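Below are the chains, spelled out letter by letter.
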Amino acid sequence: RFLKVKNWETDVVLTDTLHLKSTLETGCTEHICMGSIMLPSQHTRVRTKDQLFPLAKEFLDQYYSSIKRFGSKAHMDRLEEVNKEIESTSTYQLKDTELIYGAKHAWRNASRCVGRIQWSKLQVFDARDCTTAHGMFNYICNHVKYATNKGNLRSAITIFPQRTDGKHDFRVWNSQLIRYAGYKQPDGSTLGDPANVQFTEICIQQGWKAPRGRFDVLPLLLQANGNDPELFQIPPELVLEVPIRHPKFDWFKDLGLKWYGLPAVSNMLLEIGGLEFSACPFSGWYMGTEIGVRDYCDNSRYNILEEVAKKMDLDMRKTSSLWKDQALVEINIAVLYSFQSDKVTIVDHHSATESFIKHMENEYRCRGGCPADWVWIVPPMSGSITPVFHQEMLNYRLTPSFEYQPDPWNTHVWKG
Amino acid sequence: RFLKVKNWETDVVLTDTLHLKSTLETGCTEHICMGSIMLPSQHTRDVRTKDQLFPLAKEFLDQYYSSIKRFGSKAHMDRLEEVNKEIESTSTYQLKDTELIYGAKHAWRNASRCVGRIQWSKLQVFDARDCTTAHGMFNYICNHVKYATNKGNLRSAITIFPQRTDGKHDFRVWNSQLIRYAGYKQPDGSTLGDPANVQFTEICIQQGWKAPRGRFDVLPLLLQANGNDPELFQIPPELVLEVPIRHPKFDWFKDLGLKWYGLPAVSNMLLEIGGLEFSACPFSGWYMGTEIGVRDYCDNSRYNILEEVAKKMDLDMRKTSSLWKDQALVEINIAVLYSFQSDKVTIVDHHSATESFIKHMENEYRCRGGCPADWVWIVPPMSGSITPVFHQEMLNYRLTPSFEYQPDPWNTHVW
Ligand code: HEM
Ligand code: HEM
Ligand SMILES: CCO[C@@H]1C[C@H](CCc2cc(F)c(F)c(CCc3cc(C)cc(N)n3)c2)N(C)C1
Ligand SMILES: CCO[C@@H]1C[C@H](CCc2cc(F)c(F)c(CCc3cc(C)cc(N)n3)c2)N(C)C1
Ligand SMILES: C[C@H](O)[C@H](O)[C@H]1CNc2nc(N)[nH]c(=O)c2N1
Ligand SMILES: C[C@H](O)[C@H](O)[C@H]1CNc2nc(N)[nH]c(=O)c2N1
Ligand SMILES: [Zn+2]
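Residues numbered from 1 in each chain as written, not as in the entry; some residues may be left out. Chains lettered and ligands numbered in written order. Heavy atoms only, no water.

- Per the deposited record, determination of this structure is attributed to X-ray crystallography, with the resolution reported as 1.999 Å.

- The name given to chain B in the PDB entry is Nitric oxide synthase, brain, with the source organism recorded as Rattus norvegicus.
- Recorded in the entry header as its title is "Structure of rat neuronal nitric oxide synthase heme domain in complex with 6-(5-(2-((2S,4R)-4-ethoxy-1-methylpyrrolidin-2-yl)ethyl)-2,3-difluorophenethyl)-4-methylpyridin-2-amine".

- The name the PDB entry assigns to chain A is Nitric oxide synthase, brain, from the organism Rattus norvegicus.

So, in structure tokens, the structure goes:
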């Protein structure tokens, strides 16, 4: 059975057969659509031999298909090897080549990611020999240096040892490797990034001496083998930052703003053939709107729309003057201008969505489909003047995948 | 099974029990979400046999009599058997006036893609079920337009023409909206006017109309009654309220020679109440600013004026990363709102309307147990994340009475 999606701006129709290879669940039913639920039960993540060999077998069939060796002796011996390894140890180990394929395909299968045109070029760093938090810090420093590359950003992922019994998890407690602190003042206001207030407090309680500035890079909080997490400060020479100025508005620099160059997600779970890699930091480069729209202008974030509009001397009395819309565009112009001027890799939302449509059509041609989550692929500003807005998209879950997991401070059993 | 939606700006959590009363289907399964498909088969609508018709009536009458706190009462059971008897004999049935009004209001209440539903109970229902000819349809539609326009003080309205019988005597308004601008192919291949209406504009000519071939020519009405060939009628221009578009800061904006009509009046949908199908049911309210400025003016496959506006703003149109499209987009939408407001024609900006919708959701969850809502359509086509609906989880499910899509009649008419 086949399915069709249509682009209502260009009338291009594509045919999806890939959804037939879908295993996980969306959360929807015939009678309700959960398409706009942030964390459906099925996108989040303690696993036994009963269900593990079929998950391994399915992954290995995919793997040997991709290398044009399905049904080979290499394929069958690998299955036997994994079979024997599971029933004898209740888990198994991925070969290097399998891990690389798996991580690339978890990105390829991330239906909420607009940047997937680049999926085949992920640099995979195997840190499965890591045993301590100090070792984790070292791998992460090397990741940040490699990915940053003096502003010429490169996609990378570092993969720490997989889950075993759930009591020896590796976890990076930060949501991103590089993020600014948030401090709730007694008067109710917030200094810094309001999204990071809870994590900042854990850091301070774990012993972090906080500078209490508006743009303090948080320390790494790293958990190895289920032990209590430990604090580490990233060397500042490794944290590339960009001061934000505007090409026409000279007062913009006086707003005191800056952002870091490297977006590096560190709290997701990487699932490959049933194995769970609970610490797998990955990084790429920013789409301008992620900073200029969400980070700066979300009411629940830095929320600088007011002061930018103030300095632009906009009619702020009534919403119908669209002062919020006007200032939002200016802020995003400045983010793109600052990054490009410092030769730090960045992509605007017009270029990124255009690339994603090309990627998506190619994936239909050569793969039979491309799972995609319209709610997340459409940019948070200027939606209908980008080509993804008019693009029908089929959302379904393929593995390998990145999954959400609970925040570790809510589940950790403290040693003391 | 009693589902919850969270707003990630406010942490407000609502509990949805209304979805359990859902009858129709979403297009999705547990293996694939079709939440971004424009028209899944379920959202479109051939005989309705005597069988499935009475359950559909009972369900509707049950919620109707519940809403007036007379569920399981004298009048309720009498109406049930009355409709039961009329279906048993005539193979259809006729709604009381009160049930028609309730049905129309609730089809709007249940339109999960409509951001404007906070106003749902104020709908003015015009019963046109006594209409028999296109000239009579024209009369009802002129009265609708005049009532809804109200010299700029727009009022919500729907006019309900006779329900489908055997599918051969169908009432249809062939226009997609009562008021739309013509669109013309050019010798050099471009397009004058509105490209979405190029085919319809040619049907009108290729069947009688003589086009003035301007850039904003109001289309004639093409009205089909009882299944006959449709007939052309011109809406009296004095009934068509238009707004010239100028900018509050840029004097040159006036020179662009833009205008738009004040009355959004959708005329090609199907209204379903208690199993009965109302194939001609034009309804109208008032615009949200971005419908004109973002989609009508700046869609590539529409008027597509971004280029010209940015040129007159002397923006660096060399690279996409100058965000010249975004900057021009905001100015256009400022102009639309400023023009409408200056001319005292009702309009709402996307900040006000999405805020109204959150309040509406609050109200529906409090007094009804939920509110079906389609995030893909509710979030405005610009400035999405600086509006509260962007951060609002919404559950999408299909309740009846409802508005549904139907085929374009010229693909179907026994000509
Ligand atoms: C290289 C440039 C990249 C760009 C421009 C990009 C852009 C984006 C954007 C805009 C989102 C939407 C989430 C949000 O706006 O908060 C997203 C989501 C996501 N990205 Fe990418 N991304 C890139 C690279 C990567 C890489 C290297 C990976 C993993 C190897 C990745 C995995 C994901 C995943 C899993 C999500 C979905 C998160 C979820 O399901 O909630 N991305 N990306
Ligand atoms: C009074 C002010 C109103 C406003 C501001 C408003 C706004 C909107 C908007 C912005 C949409 C999205 C569709 C698009 O972007 O083209 C929509 C959809 C819709 N509106 Fe409303 N509307 C209003 C009144 C009404 C009324 C009076 C009715 C019927 C009684 C109605 C029925 C619908 C339906 C059925 C849809 C969705 C069609 C579908 O399912 O695809 N609306 N509305
Ligand atoms: C617990 C609730 O979480 C909710 C969900 C949402 C999480 C947002 C999010 C989660 C991810 F996993 C992720 F990868 C990205 C993409 C960021 C990114 C990554 C890379 C590599 C490049 C690039 N350009 N951008 C964003 N957050 C607002 C609150
Ligand atoms: C044939 C292709 O179909 C695709 C689908 C899509 C459908 C467009 C559409 C269909 C509706 F039913 C509807 F109600 C509206 C809302 C417009 C409206 C109505 C009122 C009363 C007030 C107001 N402010 N706005 C829009 N259209 C772009 C092309
Ligand atoms: C393919 C996609 O569903 C299509 O572009 C939808 C997206 N959301 C929309 N939202 C509104 N309000 N109006 C539309 O026409 C659309 N079009
Ligand atoms: C409720 C809703 O699902 C939530 O706000 C989503 C909407 N779409 C999004 N899209 C992107 N790219 N990033 C987001 O965080 C969100 N948030
Ligand atoms: Zn769905």
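1. Digging into the interface of chain B and chain A
And then number 1: Between chain B and chain A, the residue contacts involve 63 residues of the former and 63 residues of the latter.
And then number 2: With both sides pooled, the region where chain B packs onto chain A buries about 5,200 Å², and carbon together with sulfur makes up 61% of that total.
And then number 3: The largest per-residue losses of area from chain B upon contact with chain A belong to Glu30, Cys33 and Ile386 of chain B, which jointly make up 11% of the total buried on that side.
And then number 4: The tally of links between chain B and chain A comes to 0 salt bridges.
And then number 5: Of all the elements in the fold, those that place two or more residues in the side of chain B that touches chain A are β1 (3-6), α7 (289-298), α9 (324-342), α10 (350-368) and α11 (375-378) of chain B.
And then number 6: Tallying contributions element by element places α9 of chain B first for the side of chain B that touches chain A, with 10 residues.
And then number 7: Its residues assigned to classes, the side of chain B that touches chain A comprises 28 nonpolar, 25 polar and 10 charged. (Contact = heavy atoms within 4.5 Å. Buried area = accessible area lost by both parts, 1.4 Å probe. Salt bridge = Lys/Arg side-chain N within 4 Å of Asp/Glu carboxyl O. Helix = DSSP H or I, 4+ residues; strand = E, 2+ residues; numbered from the N terminus. Nonpolar A, V, L, I, M, F, W, Y, C, P; charged D, E, K, R; others polar.)

2. Let's talk about the sheet that holds strand β13 (residues 269-272) of chain A
All names here are of chain A.
And then number 1: Spatially, 3 strands are ordered β14-β13-β18 in an open sheet, and the strand pairing comes out antiparallel. For this open sheet the edge positions go to β14 (275-277) and β18 (401-403), each flanked by a neighbour on one side alone. The average angle at which neighbouring strand axes cross in this sheet is 30°, direction not considered.
And then number 2: Sheet topology places β13 next to β14; 3 bridges connect them, and they run antiparallel. Counted as the bridge partner of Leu270 is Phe277 from β14.
And then number 3: Strands in contact with helix α3 (residues 96-108) are β13, β14 and β18; relative to β13, the strand with the most contacts, it is inclined by about 120°. (Pairing = 2+ DSSP bridges. Axes fitted to C-alpha atoms, helices over the stretch in contact; angles between N-to-C directions.)

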